[PDB]
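Dropping start.txt in here (compact mmCIF, C-alpha atoms):
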# COMPACT_ATOMS: atom_id res chain seq x y z
CA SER A 2 1.13 9.62 22.31
CA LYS A 3 -0.82 11.49 19.67
CA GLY A 4 -1.30 9.80 16.32
CA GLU A 5 -2.60 6.65 17.98
CA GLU A 6 -5.26 8.94 19.46
CA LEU A 7 -6.53 9.79 15.94
CA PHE A 8 -7.16 6.21 14.72
CA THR A 9 -9.61 5.33 17.47
CA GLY A 10 -12.56 5.62 15.08
CA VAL A 11 -13.27 5.50 11.35
CA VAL A 12 -11.12 7.99 9.45
CA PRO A 13 -11.87 8.98 5.82
CA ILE A 14 -9.36 8.01 3.14
CA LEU A 15 -8.57 9.86 -0.10
CA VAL A 16 -6.13 8.44 -2.65
CA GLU A 17 -4.46 10.40 -5.47
CA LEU A 18 -2.10 8.55 -7.83
CA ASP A 19 -0.30 10.03 -10.82
CA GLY A 20 1.49 7.38 -12.86
CA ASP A 21 3.68 6.92 -15.91
CA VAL A 22 4.25 3.31 -17.00
CA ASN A 23 6.22 2.98 -20.26
CA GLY A 24 4.96 6.42 -21.28
CA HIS A 25 1.35 5.61 -20.35
CA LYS A 26 0.17 8.52 -18.20
CA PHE A 27 -2.75 7.68 -15.90
CA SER A 28 -4.32 9.00 -12.70
CA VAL A 29 -6.27 7.15 -10.00
CA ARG A 30 -8.50 8.79 -7.38
CA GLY A 31 -10.10 6.76 -4.62
CA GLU A 32 -12.45 7.20 -1.69
CA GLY A 33 -12.82 5.19 1.46
CA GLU A 34 -12.33 4.92 5.18
CA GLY A 35 -10.00 3.35 7.69
CA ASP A 36 -10.45 1.51 10.96
CA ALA A 37 -7.20 0.46 12.62
CA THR A 38 -9.31 -0.72 15.58
CA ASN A 39 -10.15 -3.87 13.59
CA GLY A 40 -7.51 -3.77 10.88
CA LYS A 41 -9.88 -2.57 8.20
CA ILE A 42 -9.43 -0.37 5.14
CA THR A 43 -12.05 0.19 2.44
CA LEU A 44 -11.27 1.94 -0.85
CA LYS A 45 -12.88 2.53 -4.22
CA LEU A 46 -10.27 3.57 -6.77
CA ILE A 47 -11.26 4.99 -10.15
CA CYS A 48 -9.09 5.75 -13.18
CA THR A 49 -10.06 9.27 -14.21
CA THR A 50 -7.86 9.22 -17.33
CA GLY A 51 -9.85 6.34 -18.85
CA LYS A 52 -8.64 2.75 -19.13
CA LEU A 53 -5.89 1.69 -16.76
CA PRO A 54 -2.69 0.80 -18.68
CA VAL A 55 -1.88 -1.89 -16.07
CA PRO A 56 -3.91 -4.46 -14.14
CA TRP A 57 -5.50 -3.19 -10.95
CA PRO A 58 -3.84 -5.84 -8.71
CA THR A 59 -0.47 -4.25 -9.50
CA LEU A 60 -1.60 -1.02 -7.81
CA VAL A 61 -2.97 -2.50 -4.57
CA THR A 62 0.24 -2.10 -2.55
CA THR A 63 0.76 1.42 -3.89
CA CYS A 64 -2.74 2.78 -3.18
CA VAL A 68 -2.11 3.49 4.30
CA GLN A 69 -0.53 1.05 6.74
CA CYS A 70 -1.26 3.31 9.71
CA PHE A 71 -4.70 1.64 9.68
CA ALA A 72 -3.26 -1.68 10.88
CA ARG A 73 -4.45 -3.43 14.03
CA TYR A 74 -1.57 -3.46 16.44
CA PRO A 75 -2.06 -5.49 19.63
CA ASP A 76 -1.76 -3.56 22.87
CA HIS A 77 1.64 -4.98 23.81
CA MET A 78 2.98 -4.11 20.34
CA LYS A 79 1.67 -0.53 20.13
CA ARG A 80 5.16 0.74 20.98
CA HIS A 81 6.24 -0.46 17.51
CA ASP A 82 3.58 1.38 15.47
CA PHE A 83 5.83 3.67 13.47
CA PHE A 84 3.01 4.57 11.06
CA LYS A 85 0.65 6.01 13.69
CA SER A 86 3.34 7.71 15.80
CA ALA A 87 4.39 9.89 12.86
CA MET A 88 0.88 10.45 11.52
CA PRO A 89 -0.33 13.98 12.51
CA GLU A 90 2.42 15.35 10.27
CA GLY A 91 2.60 12.15 8.19
CA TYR A 92 5.28 9.96 6.67
CA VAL A 93 6.93 9.34 3.30
CA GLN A 94 6.47 5.86 1.80
CA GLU A 95 9.10 5.10 -0.85
CA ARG A 96 8.98 1.85 -2.79
CA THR A 97 10.73 -0.11 -5.51
CA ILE A 98 8.63 -2.93 -6.99
CA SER A 99 10.57 -5.41 -9.12
CA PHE A 100 8.40 -7.63 -11.30
CA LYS A 101 10.51 -10.73 -11.88
CA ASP A 102 10.31 -11.14 -15.66
CA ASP A 103 9.12 -7.63 -16.50
CA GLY A 104 9.52 -3.92 -15.75
CA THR A 105 9.88 -2.20 -12.38
CA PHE A 106 7.82 0.38 -10.45
CA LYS A 107 9.24 3.28 -8.45
CA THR A 108 6.80 5.05 -6.11
CA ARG A 109 7.08 8.00 -3.72
CA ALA A 110 4.13 8.76 -1.45
CA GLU A 111 3.22 11.26 1.24
CA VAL A 112 0.66 9.91 3.72
CA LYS A 113 -0.43 12.73 6.02
CA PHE A 114 -3.45 14.11 7.85
CA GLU A 115 -5.42 16.75 5.96
CA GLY A 116 -7.91 17.71 8.64
CA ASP A 117 -10.28 14.91 9.51
CA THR A 118 -9.14 13.00 6.42
CA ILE A 119 -6.17 10.72 5.72
CA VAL A 120 -4.53 11.66 2.41
CA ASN A 121 -2.13 9.39 0.48
CA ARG A 122 -0.55 11.14 -2.52
CA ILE A 123 1.64 8.92 -4.70
CA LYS A 124 3.94 9.33 -7.68
CA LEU A 125 4.61 6.18 -9.72
CA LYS A 126 6.98 5.57 -12.64
CA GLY A 127 7.46 2.08 -14.09
CA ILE A 128 9.82 1.17 -16.92
CA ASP A 129 11.25 -1.71 -18.96
CA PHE A 130 7.88 -3.44 -19.23
CA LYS A 131 7.08 -6.07 -21.85
CA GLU A 132 4.31 -5.04 -24.23
CA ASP A 133 3.18 -8.69 -24.14
CA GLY A 134 4.11 -9.45 -20.53
CA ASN A 135 1.68 -10.35 -17.77
CA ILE A 136 1.48 -6.71 -16.62
CA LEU A 137 1.13 -4.80 -19.87
CA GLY A 138 -0.81 -7.75 -21.34
CA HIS A 139 -3.45 -7.93 -18.59
CA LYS A 140 -2.90 -11.62 -17.84
CA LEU A 141 -3.18 -11.29 -14.04
CA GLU A 142 -6.13 -12.69 -12.12
CA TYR A 143 -8.62 -10.32 -10.52
CA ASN A 144 -8.02 -11.34 -6.93
CA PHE A 145 -5.45 -10.74 -4.23
CA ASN A 146 -3.41 -13.01 -1.98
CA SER A 147 -2.35 -12.94 1.67
CA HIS A 148 1.18 -11.84 2.52
CA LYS A 149 3.60 -11.02 5.32
CA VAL A 150 5.13 -7.54 5.30
CA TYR A 151 8.45 -7.62 7.14
CA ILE A 152 9.03 -4.35 9.02
CA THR A 153 12.46 -3.57 10.46
CA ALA A 154 13.70 -0.33 11.96
CA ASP A 155 15.94 2.10 10.10
CA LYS A 156 17.74 4.05 12.80
CA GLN A 157 20.05 5.86 10.38
CA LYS A 158 17.11 7.56 8.63
CA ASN A 159 14.90 7.82 11.76
CA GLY A 160 12.38 5.70 9.88
CA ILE A 161 11.64 2.07 8.96
CA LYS A 162 12.20 -0.27 6.05
CA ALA A 163 9.93 -3.12 5.04
CA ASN A 164 10.35 -5.90 2.49
CA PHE A 165 7.90 -8.46 1.13
CA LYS A 166 7.03 -10.60 -1.89
CA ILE A 167 3.77 -10.07 -3.80
CA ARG A 168 2.28 -13.24 -5.33
CA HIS A 169 0.12 -12.29 -8.35
CA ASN A 170 -1.84 -15.15 -9.92
CA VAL A 171 -1.58 -15.33 -13.73
CA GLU A 172 -4.47 -16.51 -15.90
CA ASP A 173 -2.71 -19.78 -16.74
CA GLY A 174 -2.11 -20.91 -13.16
CA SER A 175 1.39 -19.44 -12.81
CA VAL A 176 2.54 -16.62 -10.50
CA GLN A 177 3.95 -13.17 -11.32
CA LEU A 178 6.21 -12.17 -8.44
CA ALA A 179 6.46 -8.49 -7.48
CA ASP A 180 9.41 -8.07 -5.12
CA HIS A 181 8.70 -5.13 -2.80
CA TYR A 182 11.46 -2.99 -1.25
CA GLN A 183 10.09 -0.20 0.94
CA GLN A 184 11.27 2.57 3.27
CA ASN A 185 9.19 5.05 5.33
CA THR A 186 10.61 8.32 6.71
CA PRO A 187 8.62 10.86 8.81
CA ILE A 188 7.93 14.27 7.33
CA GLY A 189 7.77 16.10 10.64
CA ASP A 190 10.67 17.06 12.87
CA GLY A 191 9.58 14.93 15.79
CA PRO A 192 10.27 11.93 18.03
CA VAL A 193 8.70 8.90 16.35
CA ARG A 194 8.76 5.26 17.47
CA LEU A 195 11.36 3.11 15.74
CA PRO A 196 10.10 -0.47 16.08
CA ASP A 197 11.61 -3.82 16.83
CA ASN A 198 11.53 -6.36 14.02
CA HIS A 199 7.98 -7.53 13.29
CA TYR A 200 5.61 -8.11 10.38
CA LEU A 201 2.10 -7.38 9.10
CA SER A 202 -0.10 -10.35 8.17
CA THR A 203 -2.26 -8.99 5.34
CA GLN A 204 -5.50 -10.26 3.79
CA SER A 205 -6.98 -8.39 0.82
CA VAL A 206 -10.10 -8.58 -1.35
CA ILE A 207 -10.56 -7.09 -4.84
CA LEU A 208 -14.12 -6.48 -6.02
CA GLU A 209 -16.09 -4.48 -8.55
CA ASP A 210 -19.21 -2.31 -8.43
CA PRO A 211 -21.85 -3.58 -10.88
CA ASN A 212 -23.33 -0.10 -11.40
CA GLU A 213 -19.98 1.52 -12.20
CA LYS A 214 -18.98 2.14 -15.81
CA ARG A 215 -15.54 3.53 -14.95
CA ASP A 216 -12.31 1.58 -14.84
CA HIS A 217 -12.15 1.02 -11.10
CA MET A 218 -11.40 -1.45 -8.33
CA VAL A 219 -12.90 -1.85 -4.87
CA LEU A 220 -10.22 -2.79 -2.35
CA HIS A 221 -10.85 -4.32 1.07
CA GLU A 222 -7.86 -4.67 3.40
CA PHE A 223 -7.58 -6.49 6.73
CA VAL A 224 -4.05 -6.24 8.16
CA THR A 225 -2.79 -7.26 11.60
CA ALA A 226 0.66 -6.83 13.12
CA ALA A 227 2.47 -9.74 14.77
CA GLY A 228 5.93 -11.18 15.27
CA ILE A 229 6.78 -9.88 18.75
CA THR A 230 6.18 -11.60 22.06
CA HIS A 231 7.54 -8.85 24.32
CA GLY A 232 9.35 -11.52 26.34

Output the file's structure in the form of structure tokens.
Amino acid sequence: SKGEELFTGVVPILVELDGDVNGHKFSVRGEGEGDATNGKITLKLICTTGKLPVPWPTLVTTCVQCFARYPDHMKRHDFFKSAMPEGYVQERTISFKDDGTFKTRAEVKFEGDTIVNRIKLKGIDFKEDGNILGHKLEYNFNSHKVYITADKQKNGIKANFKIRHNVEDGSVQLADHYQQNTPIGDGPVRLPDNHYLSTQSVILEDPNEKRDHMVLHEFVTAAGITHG
């Protein structure tokens, strides 16, 4: 169908985040491009309000899963691309184990020849000396499995996963991710069989950049289904 026809080449990405964490109001704007044909996503995210009140690794999951590499036999389970022309709504609850929680609502839609991901984030109950508000998380990212299961009742999908953050002392700050995606258009989308996304990420910096920013590389590939 359509949707999958749009991600055949490189598609620009624009990210707009407006956040409130414990009263800290910030805004992130990022630029990049996507390439589902290989699993690739490239973003540069800048904090336009100044210094980010939280570590950048906390915002990776929040700041485009339609750019995943689905194998041919599993393309009938690509919910993200099937709903894309109109877009989808990505809702998330992120529960940091020993600290506050994030609540995010995003609209990921097509704005012309550009993929736009507009997010609203509100986190509360954070420790002023925790690993999040204390900036004790390492500046790298791990590899994780994103478990995607269909949600027939809402004509969408739900996904769950566990986000290993490395802390400066060699411990791990767990961010438990609960997610649900619902299409914005009034159309027939593909509800998938149970599968997962094997994700590899890379967090870098730009040496010539004086702004609070993060450069995010994403390589995600879907698996978990042998048709039979």

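Here CA of residue 75 (chain A) is placed at a distance of 22.7 Å from CA of residue 206 (chain A).
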
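Remark: for residue 184 (chain A), the closest of the candidate residues A:94, A:230, A:69, A:146 is A:94 (distances computed over all atoms listed in the file).
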
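Taking CA of residue 201 (chain A) as the reference point, CA of residue 130 (chain A) is found at 29.2 Å.
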
Can you report as lines of an AutoDock Vina configuration file the centre and edge lengths in Å, to one decimal, of an axis-aligned box around the listed atoms of region 70-82 of chain A padded with 6 Å on each side?
center_x = 0.8
center_y = -1.1
center_z = 16.7
size_x = 22.9
size_y = 20.8
size_z = 26.1

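If all atoms listed in the file are the atoms counted, then among A:90, A:95, A:36, A:155 the closest residue to residue 70 (chain A) is A:36.
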
Margin query: Under the rule that all atoms listed in the file are counted, which of A:161, A:18, A:53, A:78 is the nearest residue to residue 227 (chain A)?
Written below: A:78

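CA of residue 150 (chain A) lies 6.5 Å from CA of residue 163 (chain A).
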
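Using all atoms listed in the file, the protein and nucleic acid residues lying no more than 10 Å from residue 180 (chain A), apart from those fewer than 4 places from it along its own chain, are residues 97, 98, 99, 100, 101, 105, 164, 165, 166, 167 and 168 of chain A.
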
Next item on the list: Write out as a list in words the residues lying within 8 Å of region 123-127 of chain A, counting only C-alpha atoms and excluding same-chain residues fewer than 2 positions away.
Entry: residues 17, 18, 19, 20, 21, 22, 23, 63, 64, 104, 105, 106, 107, 108, 109, 110, 111, 121, 129 and 130 of chain A

Repaired coordinates for region 191-207 of chain A (N, CA, C and O atoms) as an mmCIF file, in the frame of the given file:
data_model
loop_
_atom_site.group_PDB
_atom_site.id
_atom_site.type_symbol
_atom_site.label_atom_id
_atom_site.label_comp_id
_atom_site.auth_asym_id
_atom_site.auth_seq_id
_atom_site.Cartn_x
_atom_site.Cartn_y
_atom_site.Cartn_z
ATOM 1 N N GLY A 191 10.049 15.394 14.509
ATOM 2 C CA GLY A 191 9.580 14.930 15.790
ATOM 3 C C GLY A 191 10.113 13.570 16.202
ATOM 4 O O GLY A 191 10.702 12.822 15.416
ATOM 5 N N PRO A 192 9.915 13.246 17.483
ATOM 6 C CA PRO A 192 10.270 11.930 18.030
ATOM 7 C C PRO A 192 9.233 10.872 17.678
ATOM 8 O O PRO A 192 8.118 10.871 18.214
ATOM 9 N N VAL A 193 9.583 9.983 16.754
ATOM 10 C CA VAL A 193 8.700 8.900 16.350
ATOM 11 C C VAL A 193 9.222 7.601 16.962
ATOM 12 O O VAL A 193 10.333 7.536 17.489
ATOM 13 N N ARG A 194 8.399 6.556 16.897
ATOM 14 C CA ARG A 194 8.760 5.260 17.470
ATOM 15 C C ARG A 194 9.376 4.358 16.409
ATOM 16 O O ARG A 194 8.700 3.928 15.466
ATOM 17 N N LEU A 195 10.665 4.067 16.582
ATOM 18 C CA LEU A 195 11.360 3.110 15.740
ATOM 19 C C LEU A 195 11.128 1.714 16.301
ATOM 20 O O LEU A 195 11.439 1.469 17.474
ATOM 21 N N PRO A 196 10.596 0.784 15.518
ATOM 22 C CA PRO A 196 10.100 -0.470 16.080
ATOM 23 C C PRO A 196 11.127 -1.591 16.064
ATOM 24 O O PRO A 196 12.089 -1.596 15.296
ATOM 25 N N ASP A 197 10.893 -2.560 16.940
ATOM 26 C CA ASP A 197 11.610 -3.820 16.830
ATOM 27 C C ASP A 197 11.059 -4.616 15.650
ATOM 28 O O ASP A 197 9.956 -4.365 15.151
ATOM 29 N N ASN A 198 11.854 -5.584 15.204
ATOM 30 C CA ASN A 198 11.530 -6.360 14.020
ATOM 31 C C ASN A 198 10.200 -7.083 14.182
ATOM 32 O O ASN A 198 10.010 -7.845 15.135
ATOM 33 N N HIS A 199 9.274 -6.843 13.258
ATOM 34 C CA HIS A 199 7.980 -7.530 13.290
ATOM 35 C C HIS A 199 7.467 -7.647 11.859
ATOM 36 O O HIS A 199 8.206 -7.420 10.896
ATOM 37 N N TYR A 200 6.194 -8.011 11.708
ATOM 38 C CA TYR A 200 5.610 -8.110 10.380
ATOM 39 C C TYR A 200 4.106 -7.836 10.442
ATOM 40 O O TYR A 200 3.488 -7.837 11.512
ATOM 41 N N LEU A 201 3.527 -7.604 9.265
ATOM 42 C CA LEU A 201 2.100 -7.380 9.100
ATOM 43 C C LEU A 201 1.523 -8.524 8.276
ATOM 44 O O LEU A 201 1.877 -8.685 7.105
ATOM 45 N N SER A 202 0.636 -9.309 8.882
ATOM 46 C CA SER A 202 -0.100 -10.350 8.170
ATOM 47 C C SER A 202 -1.305 -9.693 7.491
ATOM 48 O O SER A 202 -2.223 -9.200 8.164
ATOM 49 N N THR A 203 -1.296 -9.695 6.158
ATOM 50 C CA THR A 203 -2.260 -8.990 5.340
ATOM 51 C C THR A 203 -3.170 -9.943 4.573
ATOM 52 O O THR A 203 -2.693 -10.906 3.951
ATOM 53 N N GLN A 204 -4.472 -9.639 4.611
ATOM 54 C CA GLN A 204 -5.500 -10.260 3.790
ATOM 55 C C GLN A 204 -6.228 -9.182 3.001
ATOM 56 O O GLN A 204 -6.626 -8.161 3.568
ATOM 57 N N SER A 205 -6.383 -9.394 1.695
ATOM 58 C CA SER A 205 -6.980 -8.390 0.820
ATOM 59 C C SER A 205 -8.079 -9.025 -0.022
ATOM 60 O O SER A 205 -8.131 -10.244 -0.208
ATOM 61 N N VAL A 206 -8.956 -8.168 -0.542
ATOM 62 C CA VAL A 206 -10.100 -8.580 -1.350
ATOM 63 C C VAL A 206 -10.337 -7.527 -2.431
ATOM 64 O O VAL A 206 -10.480 -6.335 -2.131
ATOM 65 N N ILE A 207 -10.363 -7.966 -3.686
ATOM 66 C CA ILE A 207 -10.560 -7.090 -4.840
ATOM 67 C C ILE A 207 -11.925 -7.377 -5.431
ATOM 68 O O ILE A 207 -12.209 -8.507 -5.840
#
